[PDB]
């Protein structure tokens, strides 16, 4: 399964979570930004690696980073 | 392998997978590894290998045959 | 009327009930084939499949091989027969390795029920899972299937060679 | 022209070099 | 007819224009599917039923393309390797294993017999290509019976194979323009997009535009 | 002579001799099977009669265009293969006949999809039956005319032996 | 679907054919293998170097043997400017009679040698097909040493 | 032109963007960096340029070949 | 057995038998489990 | 006509699940609709909702989530996606805590959070042979 990391540059704009096609990211409470929220990656087993999450990231060099790793039938997007 | 990239070969492979799974007399035989398209880096490597091998073979054939057939 | 409907009333399967997948002709024709004919042991299925396959395999090798003859030649027939037999050997090798790497069962249609009843808390894929309940889906079943395919292929190739010689000589 | 004995013993020595190769191959592990 | 440059240029130009326009028609069919296709307005109609079994269509077209390519091109390669090996009697030639286009020759015979039999008010065949006399103007041949042999069989099947592969690429683009097993929401990405990402093993060129790109390549090959 | 398919306008439920008024359902199913098989075979026979008369590309020409004469000119080893193919087809039909829900002439298994048949389906089945009946009459006439006169269909018509 | 990429558990868990493809292409990237240390890395590289030198010596021995057995080295010595060196003989069942006749050189179809080994070995003082055989024997012995 | 097409068909956008980065560094060093930031052609546009050049080169090669051959003879 | 029979003895042997056994072994190895 | 009365009025497509979603895992999405709206399947073509309980099965989580995202355009929000293993092993997936992941809910802990920016990542040469 791929690896997804969140960095404290998160501004809690939720654009990553609402762009994930496989429900990998979610918004959790935080105290490091104005919005009081930070993205989390608790379901990386469903991560497919499409990187839509970091295409919607407005922070300078990203706050969500996807590191491709071992492959799985879920991560390979295999309907068969 | 260089011009056509992945994604176009994954959907075709999915169609082939459906065809194999939904045909009699061949359902008895099933793969152990799920057939998938070659990865992007693997596809680049395979296209480069074909390009290089063809390049080397065609030029070796040309140089050798031309020298032999022209200079006796 | 509509002649295409979802397969077995399941609109989510990747399949359809067309006049070809689920027609009475298709049902009977596939149920008379050796692979699905009822009352056949796996050895019998393999033997029939091998006989038919060697019988029609000797044809292209003898007719279009490297040693053809517009007239009848014993050398051409021998070449075609040997090529067909070696191709059957290659196919039998493929069958053997496929069965070796695919199944780990010696008696099916039971282990599934045993693990659906007496629990299967083990490494799985042998107790649990198990795709298919046919006798062809076992280590023993596939081994006998390959043996039958190989023997029947030899016999059918020889029979087809004899028939070809008779047709070319007496006609 | 080399003899049958010359080619035969070269083949035998080549076999010995083959057994040494698999021993190195197996020692470099599966 | 005796201005050979004009005939060659006209044929090649018009065939090129035709191939380009066909690829464009496929492209705009894909564009319609992505943009202007309404699922609600097309419940259980022909368009809906085609999308519902797109797999079967594409898989069988794939098999046909492989069959045609294997056969046509491998017969070409078999001829090449038999000639390279000094086995001239093993080729797919007229003086060898012969593949006579009997169906086309039958049609040619039917046309050259049409005047007076099926077209009784005709004085001459529609074209001398089907048969007849050699028509020459100023010692230059205008038209003449175009004989069809094993060489025309192979090249005609090459044409069929290339056309089938181009149709495969374009039809796969049109049918899988809205969704697939890879990207179930490909219509939300539009007609023209590079990919969905390096995930799923790699989702390059999944668009429908990237299919009009590959189909353009294959149309170039075929034409 | 029932609610069976095949009743057309000129003679609805055409059983003047009352063959069906006394038969049970099994005998009527047998009658429908025989009628449909005869109709299909006769349609094939009529089409073959005509086409053979004005086109016989196979067997390098030869095989005289008059039917009932080419019947004794086929290599007789091609007759055996046609016979065996028909036999295998009818063996498959026999196997079909034991499938659940089988209908007399239905070898496609349309009963799987067609529950609560429409008027279009009944009309098409009646069309097939009527075309088969017309072809049965036509092929009987063809064979009888060729036997008594010796000329084929388009040959007798062309000369004017009517 | 397991145990092929013994050096990588991440690949061995791949349910697709990508595992086989990546197993080939990552076999020599020892630094990326599972349960990897520097000592094992250098030792494996050392052994691979030995096997590689053995392969090189076996290749040279094969060239020497095939020139000695199926070549025309001795004939080429007496007329180096007219005799074309022969690399090795050809036995291909797919040949027609025409191909056999065209490739026929002396006693059997053979390939001309374009590696220049004839001139190199002649320069360093080889005059007999038994000198080449000695070199092949010695090089196979050296390959055995390296293995 | 046909061979030129293969640069766009075989390569990718990231390499050209990173090369444009160094070219832009040189321009900034000489105070001549344009206000309109130079970016490598998008992936889709790279493919479009590649296919257009490929078609133009191949069709033009066949065009010249056919015309010269059939005009000479 | 002359030396000129060695090509006909070895070329089929190597170029056909060795592929068959090598394919068998490689397929068995890469299709193993744990 | 169909196995269950709550299935959407879909005519079946050769784009549904395969042998994989019989021995590895299958995904089911359930939702309740006020109207029998006509919607597009993530796999094939157009299906008709039921004016009530609707249940659909798919081979991938992404297919179910694409269907759910389409449902939001119909003002449908109560859709829930489950994962079913080879036996009836049902696991609720998408509304994991009953609140959509885009809305912050108490009781969620950060997973995969690094307390630094990208520039703070360690050098790869210091991550050799571990």
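Just so it is clear, A, B, C, D, E, F, G, H, I and J label the chains in written order, and each chain counts residues from 1 on its own.
Keep this in mind: a residue touches a chain if its C-beta (ideal position, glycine included) is under 8 Å from a C-beta of that chain, and two chains touch if they have at least 3 such contacts.
J.: Return the chain label for which the distance between chain Cα mean and whole-protein Cα mean is smallest.
T.: Chain nearest the overall C-alpha centroid, as shown: B.
J.: Comparing the two chain pairs, does E-H have more C-beta contacts than C-I, or is it the other way round?
T.: The comparison resolves to E-H.
J.: Subunit A to subunit C: how many Å between their CA centres?
T.: About 49 Å separates the centre of subunit A from that of subunit C.
J.: Taking each chain's centre as the mean of its CA atoms, how far is subunit D from subunit J in angstrom?
T.: One centre to the other, that is 61 Å.
J.: How many angstrom lie between the CA centroids of subunit C and subunit F, rounded to a whole number?
T.: 36
J.: Residue numbers in subunit J touching 2 or more other chains?
T.: Subunit J, residues with two or more chain partners: 11-15, 17-19, 43, 59-60, 62-63, 66.
J.: Residue numbers in subunit I touching 2 or more other chains?
T.: Expected reply: 3, 31-32.
J.: Considering every pair of chains, which are in touch?
T.: A-B, A-E, A-G, A-J, B-C, B-E, B-G, B-H, B-J, C-E, C-F, C-I, C-J, D-G, D-I, E-G, E-H, E-J, G-I, G-J
J.: Provide the residue numbers of subunit J that touch subunit A in the complex, in ascending order.
T.: My answer: residues 17-20, 24, 59-63, 65-66, 81, 93-94, 96, 101-104, 106, 108-118.
J.: Provide the residue numbers of subunit A that touch subunit B in the complex, in ascending order.
T.: 73, 76, 78-80
J.: Touching subunit C in the complex: which residues of subunit E?
T.: These residues of subunit E touch subunit C: 49, 52-53, 55-56, 90, 97.
J.: Name, in rising order, each residue of subunit A that touches subunit J in their complex.
T.: Of all residues in subunit A, those touching subunit J are 3-9, 14, 17-18, 20-23, 25-30, 36-38, 40-44, 46, 48, 61-62, 65, 73-74, 77-80.
J.: Give the list of subunit J residues in touch with subunit B in this complex.
T.: Touch list, subunit J to subunit B: 14, 18-19.
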